[PDB]
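As stored in coords-v4.cif (mmCIF, C-alpha atoms):
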```cif
data_final
#
loop_
_atom_site.label_atom_id
_atom_site.label_comp_id
_atom_site.auth_asym_id
_atom_site.auth_seq_id
_atom_site.Cartn_x
_atom_site.Cartn_y
_atom_site.Cartn_z
CA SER C 1 -10.36 -10.59 20.65
CA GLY C 2 -10.46 -7.12 19.12
CA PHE C 3 -9.70 -6.12 15.54
CA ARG C 4 -7.40 -3.27 14.61
CA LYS C 5 -5.71 -1.98 11.46
CA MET C 6 -2.37 -3.58 12.29
CA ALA C 7 0.97 -2.73 10.73
CA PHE C 8 3.97 -5.06 10.58
CA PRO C 9 6.80 -4.36 13.12
CA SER C 10 8.91 -1.72 11.40
CA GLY C 11 12.36 -2.39 12.84
CA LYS C 12 13.78 -4.22 9.83
CA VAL C 13 12.86 -1.27 7.63
CA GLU C 14 13.97 1.48 10.04
CA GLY C 15 17.53 0.21 9.75
CA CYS C 16 17.42 0.83 6.00
CA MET C 17 16.29 4.44 5.91
CA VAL C 18 18.75 7.16 4.93
CA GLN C 19 18.66 10.79 3.78
CA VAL C 20 19.55 11.82 0.22
CA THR C 21 20.32 15.39 -0.76
CA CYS C 22 20.97 16.85 -4.22
CA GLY C 23 21.25 20.61 -4.37
CA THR C 24 18.62 22.06 -2.05
CA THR C 25 16.33 19.03 -2.25
CA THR C 26 16.40 16.41 0.50
CA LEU C 27 14.24 13.30 0.79
CA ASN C 28 14.42 9.71 2.02
CA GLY C 29 16.26 6.77 0.50
CA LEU C 30 16.23 2.99 1.12
CA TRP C 31 19.67 1.46 1.73
CA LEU C 32 19.99 -2.24 0.95
CA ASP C 33 23.44 -3.81 0.68
CA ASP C 34 25.54 -1.34 -1.33
CA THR C 35 22.68 0.52 -3.05
CA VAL C 36 20.44 3.42 -2.03
CA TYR C 37 17.10 3.71 -3.81
CA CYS C 38 15.24 7.02 -3.92
CA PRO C 39 12.77 8.98 -6.09
CA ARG C 40 14.54 10.41 -9.10
CA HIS C 41 12.88 13.76 -8.52
CA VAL C 42 15.48 14.39 -5.81
CA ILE C 43 17.43 15.95 -8.71
CA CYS C 44 14.62 18.43 -9.40
CA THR C 45 13.88 21.81 -7.85
CA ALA C 46 10.28 22.95 -7.66
CA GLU C 47 10.85 24.62 -11.04
CA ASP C 48 12.25 21.52 -12.75
CA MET C 49 9.18 19.60 -11.61
CA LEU C 50 6.96 21.62 -13.97
CA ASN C 51 8.53 19.96 -17.03
CA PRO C 52 11.60 17.88 -16.07
CA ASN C 53 13.66 15.95 -18.59
CA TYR C 54 15.32 13.49 -16.27
CA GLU C 55 17.86 12.20 -18.78
CA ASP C 56 19.09 15.75 -19.31
CA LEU C 57 19.00 16.71 -15.64
CA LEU C 58 20.85 13.58 -14.55
CA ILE C 59 23.65 13.67 -17.08
CA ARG C 60 24.63 17.01 -15.50
CA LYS C 61 25.25 15.33 -12.12
CA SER C 62 28.34 13.52 -10.87
CA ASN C 63 28.51 11.01 -8.01
CA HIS C 64 29.48 13.77 -5.61
CA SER C 65 26.37 15.74 -6.56
CA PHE C 66 24.63 13.35 -4.15
CA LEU C 67 25.01 13.44 -0.38
CA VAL C 68 23.78 10.32 1.41
CA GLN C 69 23.55 10.26 5.19
CA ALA C 70 22.73 7.23 7.31
CA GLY C 71 22.15 8.54 10.81
CA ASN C 72 25.33 10.51 11.59
CA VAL C 73 27.43 8.72 8.99
CA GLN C 74 28.02 10.10 5.50
CA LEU C 75 28.00 7.45 2.77
CA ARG C 76 30.08 8.03 -0.35
CA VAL C 77 28.32 7.57 -3.69
CA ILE C 78 30.49 5.68 -6.19
CA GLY C 79 27.97 5.20 -8.97
CA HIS C 80 24.47 6.17 -10.05
CA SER C 81 21.91 5.12 -12.58
CA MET C 82 18.26 5.70 -13.25
CA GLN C 83 15.73 2.88 -13.27
CA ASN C 84 12.32 4.08 -14.37
CA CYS C 85 11.36 6.71 -11.78
CA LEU C 86 13.99 5.79 -9.18
CA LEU C 87 17.69 6.56 -8.82
CA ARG C 88 19.96 3.72 -7.71
CA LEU C 89 22.95 5.21 -5.91
CA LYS C 90 25.83 2.80 -5.40
CA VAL C 91 27.67 3.61 -2.17
CA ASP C 92 31.04 2.46 -0.80
CA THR C 93 29.55 0.66 2.21
CA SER C 94 27.07 -2.21 2.45
CA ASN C 95 24.28 -1.73 4.98
CA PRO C 96 25.03 -4.14 7.85
CA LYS C 97 21.36 -4.00 8.82
CA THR C 98 20.04 -5.14 5.43
CA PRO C 99 17.27 -7.65 6.10
CA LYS C 100 16.42 -10.60 3.88
CA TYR C 101 14.19 -8.88 1.30
CA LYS C 102 12.33 -8.93 -2.02
CA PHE C 103 10.85 -6.25 -4.30
CA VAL C 104 7.24 -6.98 -5.16
CA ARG C 105 4.65 -5.07 -7.18
CA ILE C 106 1.39 -5.40 -5.26
CA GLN C 107 -2.05 -5.52 -6.83
CA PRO C 108 -4.99 -3.16 -6.26
CA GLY C 109 -6.90 -4.08 -3.08
CA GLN C 110 -3.82 -5.45 -1.29
CA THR C 111 -2.57 -3.90 1.90
CA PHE C 112 0.85 -2.91 3.20
CA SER C 113 2.56 -1.09 6.05
CA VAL C 114 3.99 2.39 5.49
CA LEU C 115 6.95 3.75 7.48
CA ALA C 116 6.54 7.51 7.22
CA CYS C 117 10.00 9.15 7.31
CA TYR C 118 11.50 12.65 7.20
CA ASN C 119 15.18 13.52 6.68
CA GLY C 120 15.98 9.80 6.81
CA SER C 121 14.40 9.53 10.28
CA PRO C 122 11.38 7.18 10.74
CA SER C 123 8.46 8.98 12.35
CA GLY C 124 5.43 6.70 12.25
CA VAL C 125 3.97 3.50 10.89
CA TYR C 126 0.49 2.67 9.64
CA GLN C 127 -1.42 0.25 7.41
CA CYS C 128 -2.67 1.31 3.91
CA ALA C 129 -4.58 -0.41 1.15
CA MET C 130 -3.69 0.11 -2.53
CA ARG C 131 -6.98 1.51 -3.81
CA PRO C 132 -8.55 0.25 -7.04
CA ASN C 133 -7.68 3.68 -8.51
CA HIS C 134 -4.01 3.07 -7.71
CA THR C 135 -3.63 5.68 -4.97
CA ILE C 136 -3.24 5.24 -1.22
CA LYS C 137 -4.83 7.33 1.50
CA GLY C 138 -1.66 7.93 3.47
CA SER C 139 -0.57 10.61 5.89
CA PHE C 140 2.43 12.47 4.51
CA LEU C 141 3.92 15.95 4.85
CA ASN C 142 6.63 17.75 2.86
CA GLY C 143 9.84 15.72 3.05
CA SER C 144 8.15 12.33 3.17
CA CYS C 145 9.13 11.35 -0.38
CA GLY C 146 11.11 8.11 -0.47
CA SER C 147 9.19 6.64 2.50
CA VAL C 148 8.43 3.01 1.77
CA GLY C 149 5.59 0.52 2.01
CA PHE C 150 6.17 -3.14 2.83
CA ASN C 151 4.85 -6.48 4.11
CA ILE C 152 6.87 -8.94 6.20
CA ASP C 153 6.69 -12.64 5.55
CA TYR C 154 8.54 -14.50 8.31
CA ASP C 155 11.74 -12.52 8.37
CA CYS C 156 11.71 -11.45 4.75
CA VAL C 157 10.69 -7.89 3.94
CA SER C 158 8.77 -7.54 0.71
CA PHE C 159 9.08 -3.88 -0.27
CA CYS C 160 6.22 -2.79 -2.52
CA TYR C 161 5.94 1.00 -2.45
CA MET C 162 8.10 4.12 -2.48
CA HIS C 163 6.34 7.47 -2.03
CA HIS C 164 6.64 10.14 -4.76
CA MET C 165 3.65 12.52 -4.96
CA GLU C 166 0.53 13.98 -3.39
CA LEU C 167 -2.48 14.46 -5.69
CA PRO C 168 -5.09 17.27 -5.55
CA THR C 169 -7.48 15.37 -3.29
CA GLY C 170 -4.83 14.75 -0.66
CA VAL C 171 -4.29 11.10 -1.59
CA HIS C 172 -0.90 9.71 -2.56
CA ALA C 173 0.91 8.12 -5.50
CA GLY C 174 4.17 6.26 -5.79
CA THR C 175 6.10 3.44 -7.38
CA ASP C 176 7.15 -0.13 -6.75
CA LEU C 177 10.85 -0.60 -5.99
CA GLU C 178 11.70 -0.96 -9.68
CA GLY C 179 10.52 2.62 -10.11
CA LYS C 180 7.32 1.86 -12.02
CA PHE C 181 4.38 3.98 -10.88
CA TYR C 182 1.21 2.40 -9.63
CA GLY C 183 -1.51 3.91 -11.80
CA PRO C 184 -1.22 6.44 -14.69
CA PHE C 185 0.70 8.96 -12.62
CA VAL C 186 3.97 10.64 -13.48
CA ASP C 187 6.70 12.39 -11.54
CA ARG C 188 6.10 15.90 -12.78
CA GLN C 189 3.72 18.63 -11.63
CA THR C 190 0.70 18.37 -13.94
CA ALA C 191 -3.08 18.43 -13.60
CA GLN C 192 -3.18 14.66 -13.02
CA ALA C 193 -5.90 13.56 -10.63
CA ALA C 194 -6.99 10.30 -9.01
CA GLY C 195 -9.59 8.53 -11.14
CA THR C 196 -12.90 7.45 -9.63
CA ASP C 197 -12.41 4.86 -6.88
CA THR C 198 -14.50 1.83 -5.92
CA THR C 199 -15.01 -0.17 -2.70
CA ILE C 200 -12.95 -3.37 -2.45
CA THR C 201 -15.65 -6.02 -2.32
CA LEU C 202 -13.37 -8.97 -1.52
CA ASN C 203 -12.01 -7.10 1.51
CA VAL C 204 -15.48 -6.18 2.81
CA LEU C 205 -16.49 -9.87 2.65
CA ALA C 206 -13.25 -10.88 4.38
CA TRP C 207 -13.98 -8.45 7.20
CA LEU C 208 -17.56 -9.73 7.58
CA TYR C 209 -16.00 -13.20 8.03
CA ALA C 210 -13.70 -11.71 10.65
CA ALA C 211 -16.76 -10.40 12.50
CA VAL C 212 -18.25 -13.90 12.62
CA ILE C 213 -14.95 -15.43 13.75
CA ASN C 214 -14.92 -12.92 16.56
CA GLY C 215 -18.43 -13.92 17.61
CA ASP C 216 -20.91 -11.63 15.82
CA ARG C 217 -23.61 -12.89 13.41
CA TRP C 218 -26.30 -10.19 13.62
CA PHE C 219 -25.99 -9.26 9.94
CA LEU C 220 -26.44 -12.74 8.46
CA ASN C 221 -29.77 -13.70 6.84
CA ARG C 222 -31.67 -16.69 5.41
CA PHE C 223 -30.97 -15.79 1.78
CA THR C 224 -28.37 -16.61 -0.84
CA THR C 225 -27.56 -14.96 -4.15
CA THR C 226 -26.05 -15.74 -7.52
CA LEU C 227 -22.84 -13.96 -8.45
CA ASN C 228 -24.71 -12.10 -11.18
CA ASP C 229 -27.50 -10.86 -8.95
CA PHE C 230 -24.96 -9.76 -6.38
CA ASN C 231 -23.10 -7.83 -9.05
CA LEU C 232 -26.18 -5.88 -10.07
CA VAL C 233 -26.29 -4.58 -6.50
CA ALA C 234 -22.51 -4.01 -6.50
CA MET C 235 -22.74 -1.76 -9.57
CA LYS C 236 -25.44 0.29 -7.86
CA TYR C 237 -23.36 0.86 -4.73
CA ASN C 238 -20.00 1.33 -6.46
CA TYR C 239 -18.49 -1.95 -5.27
CA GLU C 240 -16.09 -3.94 -7.47
CA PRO C 241 -17.79 -6.85 -9.23
CA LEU C 242 -17.48 -10.15 -7.35
CA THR C 243 -15.59 -12.74 -9.41
CA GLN C 244 -15.27 -16.48 -9.14
CA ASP C 245 -11.60 -15.98 -8.25
CA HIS C 246 -12.72 -13.88 -5.27
CA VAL C 247 -15.14 -16.60 -4.22
CA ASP C 248 -12.33 -19.17 -4.36
CA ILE C 249 -10.04 -16.93 -2.30
CA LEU C 250 -12.70 -16.76 0.42
CA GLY C 251 -12.77 -20.56 0.75
CA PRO C 252 -10.71 -20.90 3.98
CA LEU C 253 -12.73 -18.23 5.81
CA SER C 254 -15.99 -19.77 4.56
CA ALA C 255 -14.78 -23.11 5.88
CA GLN C 256 -13.79 -21.76 9.30
CA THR C 257 -17.18 -20.13 9.79
CA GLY C 258 -19.52 -22.51 8.01
CA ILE C 259 -20.98 -19.64 5.97
CA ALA C 260 -21.01 -20.20 2.21
CA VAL C 261 -19.49 -17.34 0.25
CA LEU C 262 -22.63 -16.57 -1.72
CA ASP C 263 -24.60 -16.66 1.54
CA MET C 264 -22.21 -14.02 2.98
CA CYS C 265 -22.73 -12.10 -0.27
CA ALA C 266 -26.46 -12.15 0.41
CA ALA C 267 -25.72 -10.71 3.87
CA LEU C 268 -23.64 -7.94 2.28
CA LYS C 269 -26.35 -7.19 -0.30
CA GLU C 270 -28.84 -6.68 2.55
CA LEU C 271 -26.42 -4.44 4.47
CA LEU C 272 -25.96 -2.32 1.33
CA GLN C 273 -29.72 -2.05 0.68
CA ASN C 274 -30.92 -1.63 4.28
CA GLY C 275 -27.94 0.00 5.97
CA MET C 276 -26.64 -1.03 9.39
CA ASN C 277 -29.60 0.37 11.37
CA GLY C 278 -27.51 2.02 14.08
CA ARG C 279 -25.42 -1.08 14.74
CA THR C 280 -21.72 -1.79 14.45
CA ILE C 281 -19.57 -4.59 13.07
CA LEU C 282 -16.18 -5.07 14.73
CA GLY C 283 -16.65 -1.63 16.28
CA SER C 284 -17.33 0.07 12.95
CA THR C 285 -20.46 1.91 11.79
CA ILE C 286 -19.48 1.45 8.13
CA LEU C 287 -18.38 -1.42 5.91
CA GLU C 288 -14.58 -1.65 6.11
CA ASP C 289 -12.66 -2.50 2.93
CA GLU C 290 -9.01 -2.21 3.94
CA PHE C 291 -8.48 -5.72 5.37
CA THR C 292 -7.69 -8.51 2.90
CA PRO C 293 -8.60 -12.18 3.41
CA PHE C 294 -4.91 -12.66 4.31
CA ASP C 295 -5.09 -9.83 6.87
CA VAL C 296 -8.08 -11.44 8.56
CA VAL C 297 -6.43 -14.85 8.78
CA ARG C 298 -3.28 -13.16 10.12
CA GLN C 299 -5.07 -11.31 12.91
CA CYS C 300 -8.09 -13.43 13.86
CA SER C 301 -8.13 -16.58 15.96
CA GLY C 302 -8.11 -19.84 14.02
CA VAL C 303 -11.03 -20.89 16.21
CA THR C 304 -14.42 -19.28 15.65
CA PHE C 305 -16.32 -17.99 18.69
CA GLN C 306 -19.45 -20.06 17.98
#
```
Exercise: express the given structure as structure tokens:
Amino acid sequence: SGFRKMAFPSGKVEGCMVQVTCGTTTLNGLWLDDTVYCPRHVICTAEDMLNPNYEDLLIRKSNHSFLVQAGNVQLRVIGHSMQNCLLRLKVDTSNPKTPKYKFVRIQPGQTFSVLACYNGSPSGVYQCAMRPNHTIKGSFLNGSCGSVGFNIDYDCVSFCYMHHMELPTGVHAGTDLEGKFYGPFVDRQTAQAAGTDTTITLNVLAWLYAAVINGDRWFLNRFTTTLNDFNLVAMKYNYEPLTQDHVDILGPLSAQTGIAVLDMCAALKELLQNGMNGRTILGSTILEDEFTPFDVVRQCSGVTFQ
């Protein structure tokens, strides 16, 4: 029993974190095999960040312009190249702790674990959801750039996020491990701001299924709804439209609980229109949207508390 925002064990990632310094700028890097990946803005000073031309700034650097430190050991850079918004620093030693891994670009609404790091030293781990507006509500301080996001599938680490910037509202923006930003953001100091966000409908439904699996049905009702009628309510409450693909994804949870997807949608519609009347669901007083259908199946029992 219980239901918590649960991160994946971070050990496999901790062994890959290093520190990268260029000039007076230091941030984190990810060391896999003989390559260290880090934000390319490590080559920028606060002043360069106003209007950096990375091609021009990088051509002025040599391999020894970069200092890479793994724990107490200094790694020697023997090559460098830029890939989108990341730098790939080839070093003379292969990381003996490299786990089996993959680079994946996650989609909006999906979740991942973040290993917050400073000076190449892991400091904390927590779960984040990629918001529909392509930002994440992380917890980062100066020096956290290069910290990574990941999911673990068996013993394979699927890296999906590298941290690059904080936006005006305190939320965060970054790239996948190929250096492509999530969202319309860029790695330069501009007036860019997070666009309007929306609640992740599929995740809210998944979590309501989790509540039933864990033994709570107070919020269910005798009604059903069509996808279109549900979506009229979703637009009013700033929820993403429900799609048939979402309905299909919810099949396994619907099967485990015996509650048809559109019937759970009718329950959600009522919760949105009437509120929760002082009650809680899985300990929460609000509708949680940062657990995916996969997250629920991962954490909840496979047997419903009927």
remark   = residue 45 (chain C) proximity check over C:57, C:300, C:253, C:82, using only C-alpha atoms: winner is C:57
task = Given the file shown, determine the residues that the PyMOL selection byres ((chain C and resi 197) around 10) selects; report them as a list in words.
result =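 When the PyMOL selection byres ((chain C and resi 197) around 10) is applied to the shown file, the picked residues are residues 131, 132, 133, 134, 135, 194, 195, 196, 198, 199, 200, 238, 239 and 240 of chain C.
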All residues 7 Å or closer to region 13-30 of chain C, only C-alpha atoms, same chain fewer than 6 positions away omitted, as a PyMOL selection string = chain C and resi 36-38+42-43+45+65-71+97-98+117-122+143-147
inquiry  = Measuring between all atoms listed in the file, which one of C:41, C:158, C:231, C:259 shows the shortest distance to residue 244 (chain C)?
reply    =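 Looking at the shortest contact to residue 244 (chain C), the residue is C:231.
If you count all atoms listed in the file and ignore residues fewer than 5 places along the chain from residue 261 (chain C), what sits within 8 Å of it is residues 247, 250, 251 and 254 of chain C.
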Residue members of the PyMOL selection byres ((chain C and resi 1-7) around 6) in the file shown, as a compact mmCIF listing (two decimals) with C-alpha atoms, in the frame of the given file:
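Result written to out30.txt:
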```
# COMPACT_ATOMS: atom_id res chain seq x y z
CA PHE C 8 3.97 -5.06 10.58
CA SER C 113 2.56 -1.09 6.05
CA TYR C 126 0.49 2.67 9.64
CA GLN C 127 -1.42 0.25 7.41
```
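Straight-line separation from CA of residue 255 (chain C) to CA of residue 216 (chain C): 16.4 Å.
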Coordinates-based distance that separates CA of residue 213 (chain C) from CA of residue 129 (chain C) (Å, one decimal) =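 Result for CA of residue 129 (chain C) versus CA of residue 213 (chain C): 22.2 Å, one decimal.
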request  = Would you mind listing what lies within 12 Å of residue 190 (chain C) as a list in words, with only C-alpha atoms counted and same-chain residues fewer than 4 positions away left out?
outcome  =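 Contacts, in chain order: residues 49, 50, 51, 52, 165, 166, 167, 168, 185 and 186 of chain C.
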message = Can you measure CA of residue 287 (chain C) to CA of residue 217 (chain C) for me? One decimal in Å is fine.
response =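 Spanning CA of residue 287 (chain C) to CA of residue 217 (chain C) is a straight-line distance of 14.7 Å.
If all atoms listed in the file are the atoms counted, then among C:277, C:139, C:192, C:226 the closest residue to residue 163 (chain C) is C:139.
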ask   = Smallest atom-to-atom distance to residue 256 (chain C): which of C:230, C:305, C:294, C:237, using only C-alpha atoms?
value = C:305
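This file gives the following result for the PyMOL selection byres ((chain C and resi 100) around 8): residues 98, 99, 101, 102, 155, 156 and 157 of chain C.
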How big is the axis-aligned box around all listed atoms of region 185-196 of chain C once 8 Å goes on each side, and where's its centre, in Å to one decimal, as JSON?
```
{"center_x": -3.1, "center_y": 13.0, "center_z": -11.5, "size_x": 35.6, "size_y": 27.2, "size_z": 20.9}
```
query = For residue 236 (chain C), which residue out of C:273, C:224, C:285, C:189 is the nearest one, using all atoms listed in the file?
reply =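 Among the listed residues, C:273 lies closest to residue 236 (chain C).
Nearest to residue 88 (chain C) of all the residues C:32, C:267, C:262, C:160 is C:32, based on only C-alpha atoms.
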message = Which residues are near residue 85 (chain C)? Cut-off 8 Å, all atoms listed in the file, ignore same chain within fewer than 5 positions. Put them as number ranges by chain.
response = C: 39-41, 175, 178-181, 187
request  = Could you give me, as a ChimeraX atom specification, the residues that sit within 8 Å of (-2.9, 8.1, 3.1) in the file's coordinates, counting all atoms listed in the file?
outcome  = /C:128,136-140,170-172
